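K.L.:
Got a structure for you, questions after.
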Amino acid sequence: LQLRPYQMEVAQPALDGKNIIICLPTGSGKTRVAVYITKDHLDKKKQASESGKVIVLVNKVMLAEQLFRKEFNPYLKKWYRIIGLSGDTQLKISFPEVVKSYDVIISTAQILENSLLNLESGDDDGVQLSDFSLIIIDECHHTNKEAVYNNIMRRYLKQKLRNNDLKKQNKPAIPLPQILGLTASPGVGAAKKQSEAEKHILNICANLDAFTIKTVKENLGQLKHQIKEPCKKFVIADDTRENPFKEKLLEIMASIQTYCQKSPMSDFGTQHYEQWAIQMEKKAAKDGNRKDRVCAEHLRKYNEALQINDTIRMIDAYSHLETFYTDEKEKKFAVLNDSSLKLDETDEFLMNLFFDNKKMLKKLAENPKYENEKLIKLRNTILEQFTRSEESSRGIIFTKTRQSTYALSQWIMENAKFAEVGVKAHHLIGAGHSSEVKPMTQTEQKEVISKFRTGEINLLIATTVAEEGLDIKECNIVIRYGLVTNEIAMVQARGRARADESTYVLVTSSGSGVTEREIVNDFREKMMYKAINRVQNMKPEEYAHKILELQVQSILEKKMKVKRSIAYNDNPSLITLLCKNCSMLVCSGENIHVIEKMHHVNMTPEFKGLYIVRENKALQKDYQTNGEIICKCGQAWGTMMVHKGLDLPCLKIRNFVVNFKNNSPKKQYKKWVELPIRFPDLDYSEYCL
RNA sequence: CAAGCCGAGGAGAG
RNA sequence: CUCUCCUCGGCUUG
Ligand SMILES: Nc1ncnc2c1ncn2[C@@H]1O[C@H](COP(=O)(O)OP(=O)(O)OP(=O)(O)O)[C@@H](O)[C@H]1O
Ligand SMILES: [Zn+2]
């Protein structure tokens, strides 16, 4: 309802037209000033007898409900009609109609793009930008190459150039809306010079039709008093040890390579070796040669184990391998449980190579003489704070992978010292259904946030989900364990730690360039402000000229892209799908069908009598509903499916291999859209009637 | 709650 | 340009 002094000046030009960007630091009441500007805009459009509608755009799902509950509704409930949309309600259905009411909309973005392209592609109702008078945005800095709402802004700019060309031609120029982007920092877009950074800023300002940036400069002391930074801090460690376990694994890896007669020309325990392994597997599968592809699939697991060894305990890698080989033995026993039994030489050699050393590795792993350095350093770092703050002790840990989060949470649950000091901990990751891990769900996320704000969990171990959006309580001891993405995540994490005696820690090893990257991002942070100062003081006419040039280039860079996007044959049955582990036939292209033009499936008894089902583990931690399919060899293929009560089994194209009938350039595809040919829709005329 | 499709961005390494 | 990791969004079957 009321404004601050430093918010007043930064908001001021927006109050009379003047589409702009606003970059303030974190936590300066960005949402609140957005709210004031909404209220002023609507009251103004009322006093002039003009229709007024505001739409807010966000990138995530939770920010919509967040802002609907905390900021917009509690202040605007009395004067105006408010609503909040996402893909997690039922209000998505009549989007063209809610616009006819509800002067204040909050929304996830791609709703709007879907409605626009429905208006411009089909005969649906749809909507256009003309039905609005203001678009407020969160997190401007995502406006880049073919992102979510660069699309929208490309259409806005297309219509603006239409209006500008028409100004000289006709009088009736459509009234375009006003645009108010909000952010924390637009961020330099990967540029090695101050000038290229300036260029990137101007590209953003073009893609938002802005007029200025309006950083706070004048009423600055009030900001420093109300708002403060943490202290940057580095904690490095090193190792000159860990021979017994590492070498105990390298021996195995060398044995396998010398069993395969392959030359890596690389090092064990890095990423180039992994890349080599992947391409070797793909080549061996395109050829069909076993004894080299499966050993590659195993060496990948060993390399991953070594990689996590550099950051995590030996026991976690041992558990990884244990789960893997246990699953494999279970697969082989499920296969041989039916009908005579033949064994392979390769898998036999590998299992005999592993299980003989399994107890050895379990003994070597448990050895606190040389556990790891970084873990101990963060032990010191954590215990310092949690002894200092005494029950006002909130916390965040950031890391790279998901599995690291589970391991760290388990570890903190085990070791008594953390529980003694009141270190209640919990993990957190994102919902993408990929990456060989069971993701979490939005509900568990929200619950964890609410427990954090309550204080049931003192510290949150997280992946990069946290270094934006969702509103975590002010913290003290944000750290960074093996992750440096860019300046944006850096500054956003650096904006979390309020509650004085806050920090910003970075934990790395010696022989992995990371502090390098930290310092690079620090300099980029110091550079973008200089560029901002260079452009704020730029001449207006030169600014206008430059943004016009950039808008033109951005619209022409779309058109060129469009031609290649639109430009694809149709072969009904010119392929055969084989198993990828075992060079064995599975299916032809004709047997396959599609449901809802998305899910691929087969419904011939021949394919029904060529696989075995097992029990789901994701649903084991109940009754299984979506079984996991396997081959007679052991390779997982797909997943069950329940369409119209029929238990017709789906499948993937990541686990199979293609053979064309002509000349056998066998290929791997990793997903269905990449290949050119089309499959037919499903119909019950086959198998029935 | 499980399963799958499509699109986008960031980082590394090559 | 490729591989991997991380995140997000929209949409289907159950
Ligand atoms: N003008 C204001 N006067 C008083 N308190 C304010 C004002 N603006 C914001 N706040 C307070 O700040 C809290 C949230 O605002 P804050 O800016 O810290 O988070 P935010 O808006 O999400 O910032 P960011 O999006 O950058 O994290 C609210 O609880 C509110 O009480
Ligand atoms: Zn097989």
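Following the order of the structure tokens, chains are lettered A, B, ..., residues in each are numbered from 1, and ligands are numbered from 1.
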Hey, which residues come within 12 Å of ligand 2 if we count only C-alpha atoms (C1' of nucleotides) and all ligand atoms? Could you give them as a PDB file with N, CA, C and O atoms, in the first residue's frame?
P.N.:
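Saved result, out_7.pdb, follows:
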```pdb
ATOM      1  N   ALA A 285      27.495 -50.793 -30.822  1.00  0.00           N
ATOM      2  CA  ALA A 285      26.105 -51.168 -31.028  1.00  0.00           C
ATOM      3  C   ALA A 285      25.697 -50.987 -32.481  1.00  0.00           C
ATOM      4  O   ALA A 285      24.941 -51.801 -33.022  1.00  0.00           O
ATOM      5  N   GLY A 288      27.238 -53.990 -33.802  1.00  0.00           N
ATOM      6  CA  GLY A 288      26.665 -55.185 -33.215  1.00  0.00           C
ATOM      7  C   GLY A 288      27.618 -55.957 -32.334  1.00  0.00           C
ATOM      8  O   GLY A 288      27.200 -56.939 -31.710  1.00  0.00           O
ATOM      9  N   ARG A 290      29.438 -57.280 -29.377  1.00  0.00           N
ATOM     10  CA  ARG A 290      29.482 -57.315 -27.924  1.00  0.00           C
ATOM     11  C   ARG A 290      30.935 -57.459 -27.493  1.00  0.00           C
ATOM     12  O   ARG A 290      31.856 -57.343 -28.305  1.00  0.00           O
ATOM     13  N   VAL A 294      29.288 -53.673 -23.637  1.00  0.00           N
ATOM     14  CA  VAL A 294      28.810 -53.894 -22.278  1.00  0.00           C
ATOM     15  C   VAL A 294      29.892 -53.521 -21.286  1.00  0.00           C
ATOM     16  O   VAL A 294      29.625 -52.964 -20.212  1.00  0.00           O
ATOM     17  N   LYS A 331      18.180 -59.708 -12.709  1.00  0.00           N
ATOM     18  CA  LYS A 331      17.689 -59.818 -14.076  1.00  0.00           C
ATOM     19  C   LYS A 331      18.036 -61.172 -14.665  1.00  0.00           C
ATOM     20  O   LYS A 331      17.195 -61.828 -15.292  1.00  0.00           O
ATOM     21  N   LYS A 332      19.282 -61.600 -14.485  1.00  0.00           N
ATOM     22  CA  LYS A 332      19.694 -62.873 -15.060  1.00  0.00           C
ATOM     23  C   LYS A 332      18.934 -64.031 -14.430  1.00  0.00           C
ATOM     24  O   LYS A 332      18.571 -64.986 -15.126  1.00  0.00           O
ATOM     25  N   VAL A 335      15.485 -64.119 -15.828  1.00  0.00           N
ATOM     26  CA  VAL A 335      15.509 -64.664 -17.182  1.00  0.00           C
ATOM     27  C   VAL A 335      15.613 -66.180 -17.143  1.00  0.00           C
ATOM     28  O   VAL A 335      14.854 -66.891 -17.813  1.00  0.00           O
ATOM     29  N   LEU A 577      13.595 -52.935 -35.703  1.00  0.00           N
ATOM     30  CA  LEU A 577      14.096 -52.593 -34.382  1.00  0.00           C
ATOM     31  C   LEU A 577      14.656 -53.842 -33.733  1.00  0.00           C
ATOM     32  O   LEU A 577      13.920 -54.818 -33.514  1.00  0.00           O
ATOM     33  N   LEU A 578      15.946 -53.797 -33.427  1.00  0.00           N
ATOM     34  CA  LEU A 578      16.646 -54.857 -32.734  1.00  0.00           C
ATOM     35  C   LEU A 578      16.963 -54.436 -31.311  1.00  0.00           C
ATOM     36  O   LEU A 578      17.020 -53.248 -30.979  1.00  0.00           O
ATOM     37  N   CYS A 579      17.202 -55.441 -30.483  1.00  0.00           N
ATOM     38  CA  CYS A 579      17.748 -55.200 -29.166  1.00  0.00           C
ATOM     39  C   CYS A 579      19.173 -54.699 -29.301  1.00  0.00           C
ATOM     40  O   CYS A 579      19.905 -55.061 -30.224  1.00  0.00           O
ATOM     41  N   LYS A 580      19.548 -53.842 -28.369  1.00  0.00           N
ATOM     42  CA  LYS A 580      20.781 -53.082 -28.457  1.00  0.00           C
ATOM     43  C   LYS A 580      21.937 -53.799 -27.783  1.00  0.00           C
ATOM     44  O   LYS A 580      23.061 -53.778 -28.292  1.00  0.00           O
ATOM     45  N   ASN A 581      21.676 -54.440 -26.646  1.00  0.00           N
ATOM     46  CA  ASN A 581      22.670 -55.312 -26.038  1.00  0.00           C
ATOM     47  C   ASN A 581      22.918 -56.528 -26.915  1.00  0.00           C
ATOM     48  O   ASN A 581      24.038 -56.760 -27.381  1.00  0.00           O
ATOM     49  N   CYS A 582      21.870 -57.307 -27.159  1.00  0.00           N
ATOM     50  CA  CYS A 582      21.935 -58.495 -27.993  1.00  0.00           C
ATOM     51  C   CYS A 582      21.459 -58.130 -29.390  1.00  0.00           C
ATOM     52  O   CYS A 582      20.361 -57.595 -29.555  1.00  0.00           O
ATOM     53  N   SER A 583      22.282 -58.412 -30.394  1.00  0.00           N
ATOM     54  CA  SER A 583      21.913 -58.107 -31.774  1.00  0.00           C
ATOM     55  C   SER A 583      20.832 -59.096 -32.190  1.00  0.00           C
ATOM     56  O   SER A 583      21.071 -60.086 -32.885  1.00  0.00           O
ATOM     57  N   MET A 584      19.612 -58.803 -31.752  1.00  0.00           N
ATOM     58  CA  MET A 584      18.470 -59.687 -31.902  1.00  0.00           C
ATOM     59  C   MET A 584      17.279 -58.880 -32.381  1.00  0.00           C
ATOM     60  O   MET A 584      17.082 -57.736 -31.972  1.00  0.00           O
ATOM     61  N   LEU A 585      16.476 -59.499 -33.238  1.00  0.00           N
ATOM     62  CA  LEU A 585      15.268 -58.854 -33.717  1.00  0.00           C
ATOM     63  C   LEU A 585      14.265 -58.709 -32.589  1.00  0.00           C
ATOM     64  O   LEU A 585      14.175 -59.552 -31.694  1.00  0.00           O
ATOM     65  N   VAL A 586      13.513 -57.615 -32.642  1.00  0.00           N
ATOM     66  CA  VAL A 586      12.422 -57.378 -31.711  1.00  0.00           C
ATOM     67  C   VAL A 586      11.157 -57.099 -32.498  1.00  0.00           C
ATOM     68  O   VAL A 586      10.145 -57.784 -32.316  1.00  0.00           O
ATOM     69  N   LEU A 610       8.167 -62.149 -25.993  1.00  0.00           N
ATOM     70  CA  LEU A 610       9.599 -61.926 -26.130  1.00  0.00           C
ATOM     71  C   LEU A 610      10.163 -61.083 -24.995  1.00  0.00           C
ATOM     72  O   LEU A 610      11.274 -60.561 -25.115  1.00  0.00           O
ATOM     73  N   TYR A 611       9.440 -60.956 -23.886  1.00  0.00           N
ATOM     74  CA  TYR A 611       9.960 -60.194 -22.764  1.00  0.00           C
ATOM     75  C   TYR A 611       9.404 -60.736 -21.463  1.00  0.00           C
ATOM     76  O   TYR A 611       8.462 -61.531 -21.441  1.00  0.00           O
ATOM     77  N   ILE A 612       9.999 -60.258 -20.377  1.00  0.00           N
ATOM     78  CA  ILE A 612       9.631 -60.625 -19.021  1.00  0.00           C
ATOM     79  C   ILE A 612       9.398 -59.338 -18.253  1.00  0.00           C
ATOM     80  O   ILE A 612      10.035 -58.314 -18.517  1.00  0.00           O
ATOM     81  N   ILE A 629       9.930 -53.456 -18.284  1.00  0.00           N
ATOM     82  CA  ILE A 629      10.177 -54.558 -19.201  1.00  0.00           C
ATOM     83  C   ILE A 629      11.676 -54.813 -19.312  1.00  0.00           C
ATOM     84  O   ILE A 629      12.496 -53.905 -19.147  1.00  0.00           O
ATOM     85  N   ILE A 630      12.037 -56.066 -19.602  1.00  0.00           N
ATOM     86  CA  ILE A 630      13.416 -56.454 -19.856  1.00  0.00           C
ATOM     87  C   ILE A 630      13.454 -57.438 -21.016  1.00  0.00           C
ATOM     88  O   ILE A 630      12.446 -58.048 -21.379  1.00  0.00           O
ATOM     89  N   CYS A 631      14.638 -57.577 -21.605  1.00  0.00           N
ATOM     90  CA  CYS A 631      14.862 -58.551 -22.660  1.00  0.00           C
ATOM     91  C   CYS A 631      15.232 -59.911 -22.077  1.00  0.00           C
ATOM     92  O   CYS A 631      15.428 -60.076 -20.871  1.00  0.00           O
ATOM     93  N   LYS A 632      15.349 -60.898 -22.965  1.00  0.00           N
ATOM     94  CA  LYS A 632      15.937 -62.175 -22.583  1.00  0.00           C
ATOM     95  C   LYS A 632      17.413 -62.018 -22.258  1.00  0.00           C
ATOM     96  O   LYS A 632      17.946 -62.762 -21.428  1.00  0.00           O
ATOM     97  N   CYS A 633      18.089 -61.063 -22.897  1.00  0.00           N
ATOM     98  CA  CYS A 633      19.487 -60.810 -22.576  1.00  0.00           C
ATOM     99  C   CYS A 633      19.608 -60.135 -21.219  1.00  0.00           C
ATOM    100  O   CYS A 633      20.464 -60.502 -20.405  1.00  0.00           O
ATOM    101  N   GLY A 634      18.753 -59.151 -20.959  1.00  0.00           N
ATOM    102  CA  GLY A 634      18.770 -58.414 -19.711  1.00  0.00           C
ATOM    103  C   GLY A 634      18.539 -56.928 -19.882  1.00  0.00           C
ATOM    104  O   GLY A 634      18.249 -56.224 -18.911  1.00  0.00           O
ATOM    105  N   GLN A 635      18.674 -56.429 -21.106  1.00  0.00           N
ATOM    106  CA  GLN A 635      18.528 -55.003 -21.354  1.00  0.00           C
ATOM    107  C   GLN A 635      17.088 -54.574 -21.126  1.00  0.00           C
ATOM    108  O   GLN A 635      16.157 -55.164 -21.681  1.00  0.00           O
ATOM    109  N   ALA A 636      16.908 -53.550 -20.301  1.00  0.00           N
ATOM    110  CA  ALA A 636      15.599 -52.941 -20.146  1.00  0.00           C
ATOM    111  C   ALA A 636      15.191 -52.257 -21.440  1.00  0.00           C
ATOM    112  O   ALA A 636      16.008 -51.618 -22.107  1.00  0.00           O
ATOM    113  N   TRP A 637      13.919 -52.395 -21.790  1.00  0.00           N
ATOM    114  CA  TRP A 637      13.386 -51.862 -23.034  1.00  0.00           C
ATOM    115  C   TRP A 637      12.381 -50.749 -22.830  1.00  0.00           C
ATOM    116  O   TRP A 637      12.488 -49.705 -23.478  1.00  0.00           O
ATOM    117  N   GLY A 638      11.410 -50.942 -21.949  1.00  0.00           N
ATOM    118  CA  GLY A 638      10.298 -50.028 -21.871  1.00  0.00           C
ATOM    119  C   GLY A 638       9.546 -50.022 -20.565  1.00  0.00           C
ATOM    120  O   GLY A 638      10.124 -50.184 -19.488  1.00  0.00           O
ATOM    121  N   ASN A 655      16.830 -47.594 -25.966  1.00  0.00           N
ATOM    122  CA  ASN A 655      17.355 -48.914 -25.668  1.00  0.00           C
ATOM    123  C   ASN A 655      17.379 -49.845 -26.866  1.00  0.00           C
ATOM    124  O   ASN A 655      17.927 -50.945 -26.753  1.00  0.00           O
ATOM    125  N   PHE A 656      16.772 -49.459 -27.981  1.00  0.00           N
ATOM    126  CA  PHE A 656      16.763 -50.264 -29.192  1.00  0.00           C
ATOM    127  C   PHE A 656      17.719 -49.687 -30.225  1.00  0.00           C
ATOM    128  O   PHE A 656      18.233 -48.576 -30.079  1.00  0.00           O
ATOM    129  N   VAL A 657      17.962 -50.473 -31.270  1.00  0.00           N
ATOM    130  CA  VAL A 657      18.781 -50.053 -32.399  1.00  0.00           C
ATOM    131  C   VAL A 657      18.001 -50.261 -33.688  1.00  0.00           C
ATOM    132  O   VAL A 657      17.185 -51.182 -33.809  1.00  0.00           O
TER     133      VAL A 657
END
```
K.L.:
Could you list, as a PDB file with N, CA, C and O atoms, in the first residue's frame, every residue of chain A that has an atom within 7 Å of an atom of chain C, counting only C-alpha atoms (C1' of nucleotides)?
P.N.:
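part.pdb, freshly written:
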```pdb
ATOM      1  N   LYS A  60       8.235 -20.091 -13.386  1.00  0.00           N
ATOM      2  CA  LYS A  60       7.961 -21.274 -12.585  1.00  0.00           C
ATOM      3  C   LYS A  60       6.476 -21.379 -12.262  1.00  0.00           C
ATOM      4  O   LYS A  60       5.668 -20.518 -12.615  1.00  0.00           O
ATOM      5  N   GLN A 110       3.792 -20.061 -20.659  1.00  0.00           N
ATOM      6  CA  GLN A 110       3.496 -20.747 -21.911  1.00  0.00           C
ATOM      7  C   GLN A 110       2.005 -20.969 -22.124  1.00  0.00           C
ATOM      8  O   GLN A 110       1.594 -21.302 -23.244  1.00  0.00           O
ATOM      9  N   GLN A 275      33.197 -39.658 -22.166  1.00  0.00           N
ATOM     10  CA  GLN A 275      32.787 -39.370 -23.535  1.00  0.00           C
ATOM     11  C   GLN A 275      33.289 -40.446 -24.485  1.00  0.00           C
ATOM     12  O   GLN A 275      32.556 -40.909 -25.376  1.00  0.00           O
ATOM     13  N   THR A 464      20.466 -26.894  -8.050  1.00  0.00           N
ATOM     14  CA  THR A 464      20.285 -25.512  -8.481  1.00  0.00           C
ATOM     15  C   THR A 464      18.839 -25.039  -8.474  1.00  0.00           C
ATOM     16  O   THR A 464      18.549 -23.934  -8.946  1.00  0.00           O
ATOM     17  N   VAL A 465      17.919 -25.867  -7.975  1.00  0.00           N
ATOM     18  CA  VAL A 465      16.527 -25.452  -7.830  1.00  0.00           C
ATOM     19  C   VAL A 465      16.422 -24.186  -6.997  1.00  0.00           C
ATOM     20  O   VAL A 465      15.547 -23.345  -7.226  1.00  0.00           O
ATOM     21  N   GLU A 596      -2.922 -41.294 -28.678  1.00  0.00           N
ATOM     22  CA  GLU A 596      -3.009 -39.847 -28.520  1.00  0.00           C
ATOM     23  C   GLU A 596      -1.899 -39.116 -29.255  1.00  0.00           C
ATOM     24  O   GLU A 596      -1.391 -38.105 -28.766  1.00  0.00           O
ATOM     25  N   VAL A 642      -1.535 -48.739 -19.573  1.00  0.00           N
ATOM     26  CA  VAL A 642      -2.925 -49.139 -19.373  1.00  0.00           C
ATOM     27  C   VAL A 642      -3.794 -48.179 -20.173  1.00  0.00           C
ATOM     28  O   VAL A 642      -4.140 -47.095 -19.692  1.00  0.00           O
ATOM     29  N   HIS A 643      -4.150 -48.574 -21.391  1.00  0.00           N
ATOM     30  CA  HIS A 643      -5.005 -47.792 -22.273  1.00  0.00           C
ATOM     31  C   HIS A 643      -6.312 -48.542 -22.491  1.00  0.00           C
ATOM     32  O   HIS A 643      -6.316 -49.632 -23.070  1.00  0.00           O
TER      33      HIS A 643
END
```
K.L.:
List every residue of chain B that has an atom at most 7 Å from any atom of chain A, and for each one report the closest atom pair and its distance in Å to one decimal, counting only C-alpha atoms (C1' of nucleotides), with rows sorted by chain and then by increasing residue number, as CSV.
P.N.:
```
residue,atom,partner,partner_atom,distance
B:2,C1',A:626,CA,6.5
B:3,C1',A:626,CA,6.2
B:4,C1',A:599,CA,6.5
B:5,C1',A:598,CA,5.4
B:8,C1',A:147,CA,5.4
B:9,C1',A:147,CA,6.9
B:11,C1',A:485,CA,5.0
B:13,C1',A:271,CA,6.0
B:14,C1',A:272,CA,6.3
```
K.L.:
Env of residue A:665: 10 Å cut, atoms = only C-alpha atoms (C1' of nucleotides), seq-sep filter 4 positions within chain, self excluded. Answer as a list in words.
P.N.:
residues 286, 287, 658, 659, 660 and 661 of chain A
K.L.:
List all protein, DNA and RNA residues that have at least one atom no more than 8 Å from any atom of ligand 1, counting only C-alpha atoms (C1' of nucleotides) and all ligand atoms, and write them as a ChimeraX atom specification.
P.N.:
/A:1-4,7,24-33,183-184,469,471,495-496
K.L.:
Could you find all residues in stretch 489-589 of chain A that DSSP calls strand (DSSP E) from the backbone, and write them as a list in words?
P.N.:
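Residues meeting the strand (DSSP E) criterion: residues 503, 504, 505, 506, 507, 508, 509, 575, 576, 577, 578, 579, 584, 585, 586, 587 and 588 of chain A.
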K.L.:
How would the residues just picked look written out with N, CA, C and O atoms as a compact mmCIF listing (two decimals), in the first residue's frame?
P.N.:
```
# COMPACT_ATOMS: atom_id res chain seq x y z
N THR A 503 27.19 -15.44 5.64
CA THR A 503 28.40 -15.76 4.90
C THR A 503 28.03 -16.19 3.49
O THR A 503 26.86 -16.30 3.13
N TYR A 504 29.07 -16.41 2.69
CA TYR A 504 28.93 -17.04 1.38
C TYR A 504 30.21 -17.83 1.17
O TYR A 504 31.26 -17.25 0.84
N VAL A 505 30.12 -19.13 1.36
CA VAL A 505 31.27 -20.00 1.37
C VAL A 505 31.38 -20.70 0.04
O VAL A 505 30.39 -20.97 -0.65
N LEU A 506 32.62 -21.01 -0.34
CA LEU A 506 32.90 -21.86 -1.49
C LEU A 506 33.93 -22.89 -1.08
O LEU A 506 34.99 -22.55 -0.55
N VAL A 507 33.62 -24.15 -1.37
CA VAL A 507 34.45 -25.29 -0.99
C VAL A 507 34.85 -26.02 -2.26
O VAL A 507 33.98 -26.41 -3.05
N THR A 508 36.15 -26.20 -2.45
CA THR A 508 36.68 -26.84 -3.64
C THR A 508 37.91 -27.64 -3.26
O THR A 508 38.39 -27.60 -2.12
N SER A 509 38.43 -28.37 -4.23
CA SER A 509 39.72 -29.01 -4.15
C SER A 509 40.77 -28.11 -4.78
O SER A 509 40.47 -27.04 -5.30
N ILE A 575 12.13 -50.38 -41.75
CA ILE A 575 13.08 -50.49 -40.66
C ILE A 575 12.89 -51.83 -39.98
O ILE A 575 11.91 -52.54 -40.20
N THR A 576 13.82 -52.14 -39.09
CA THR A 576 13.64 -53.19 -38.10
C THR A 576 14.30 -52.75 -36.81
O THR A 576 15.42 -52.22 -36.83
N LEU A 577 13.60 -52.93 -35.70
CA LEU A 577 14.10 -52.59 -34.38
C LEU A 577 14.66 -53.84 -33.73
O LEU A 577 13.92 -54.82 -33.51
N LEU A 578 15.95 -53.80 -33.43
CA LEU A 578 16.65 -54.86 -32.73
C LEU A 578 16.96 -54.44 -31.31
O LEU A 578 17.02 -53.25 -30.98
N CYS A 579 17.20 -55.44 -30.48
CA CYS A 579 17.75 -55.20 -29.17
C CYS A 579 19.17 -54.70 -29.30
O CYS A 579 19.91 -55.06 -30.22
N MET A 584 19.61 -58.80 -31.75
CA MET A 584 18.47 -59.69 -31.90
C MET A 584 17.28 -58.88 -32.38
O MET A 584 17.08 -57.74 -31.97
N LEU A 585 16.48 -59.50 -33.24
CA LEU A 585 15.27 -58.85 -33.72
C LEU A 585 14.26 -58.71 -32.59
O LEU A 585 14.17 -59.55 -31.69
N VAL A 586 13.51 -57.62 -32.64
CA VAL A 586 12.42 -57.38 -31.71
C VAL A 586 11.16 -57.10 -32.50
O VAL A 586 10.14 -57.78 -32.32
N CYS A 587 11.20 -56.10 -33.37
CA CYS A 587 9.98 -55.67 -34.05
C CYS A 587 10.30 -55.09 -35.42
O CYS A 587 11.45 -54.86 -35.78
N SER A 588 9.23 -54.88 -36.18
CA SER A 588 9.24 -54.13 -37.42
C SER A 588 8.41 -52.86 -37.24
O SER A 588 7.71 -52.68 -36.25
```
K.L.:
Using only C-alpha atoms, which of the listed residues (A:67, A:140, A:111, A:493) sits closest to residue A:127?
P.N.:
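Among the listed residues, A:111 lies closest to residue A:127.
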K.L.:
Tell me, as a list in words, which residues lie within 9 Å of residue A:295, counting only C-alpha atoms (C1' of nucleotides); anything in the same chain fewer than 5 positions away does not count.
P.N.:
residues 256, 257, 260, 281, 290, 300, 346, 347 and 350 of chain A
K.L.:
Looking only at the backbone, which of the residues in stretch 145-363 of chain A does DSSP tag as alpha helix (DSSP H), as a PyMOL selection string?
P.N.:
chain A and resi 150-169+194-207+220-226+243-260+272-287+293-309+314-336+345-363
K.L.:
I need the residue nearest residue A:383 from this list: A:241, A:666, A:417, A:424. Use only C-alpha atoms for the distance.
P.N.:
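Looking at the shortest contact to residue A:383, the residue is A:417.
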